[PDB]
Amino acid sequence: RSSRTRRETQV
Amino acid sequence: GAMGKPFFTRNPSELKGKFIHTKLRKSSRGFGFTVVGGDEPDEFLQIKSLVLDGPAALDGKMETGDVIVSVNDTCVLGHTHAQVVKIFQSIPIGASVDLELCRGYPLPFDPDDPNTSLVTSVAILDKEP
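Residue numbers (the authors' numbering), protein chains in the order written: chain B, 151 to 161; chain A, -3 to 125.
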């Protein structure tokens, strides 16, 4: 649904 | 006119500040930095906190504020979360990667805080007429 949202990728 | 918005294409070099290519040694399985982004070709990954004991932390030549452009030939430039996390989570202890990243963008709004589609608004952005 939503597109512009930076995802938390804890590496 | 009025280009006061974050520029995009994929170009590491469009990205301002400092463009660095630094090796992070896969240490303690994975890395040790938290990064926000990489959702789409349109959304790149960015470091929101470097995890202490992380190779970024340790190498000291990568800091919270680096935007992740690509890594070890792999076009993580606008890599999808599921895809980027897949690489970054599957790596073993003792490995190496060349991070192509561009820093200069200070971490403004917390991308650590959900309940919103996270679009942090960065300062040091070109507010051109």
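We put the CB at the ideal spot given by N, CA and C, even for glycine.
Collapsed DSSP secondary structure at residue i in the structure displayed
i, result
"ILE87/A", "coil"
"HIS77/A", "helix"
"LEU48/A", "coil"
"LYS22/A", "strand"
"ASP55/A", "helix"
C-beta contact flag for residue i and residue j at 8 Å
i, j, result
"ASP55/A", "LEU11/A", "no"
"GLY74/A", "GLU36/A", "yes"
"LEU41/A", "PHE29/A", "no"
"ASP94/A", "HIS17/A", "yes"
"residue 130/A", "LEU114/A", "Outside the displayed span of chain A (-3 to 125) sits residue 130/A, for which this structure offers no information."
"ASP38/A", "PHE4/A", "yes"
"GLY0/A", "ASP122/A", "yes"
Neighbour flag for residue i against chain B, beta carbons, 8 Å
i, result
"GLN79/A", "no"
Cβ-based burial, residue i [other Cβ within 10 Å; buried from 16]
i, result
"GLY(-3)/A", "exposed"
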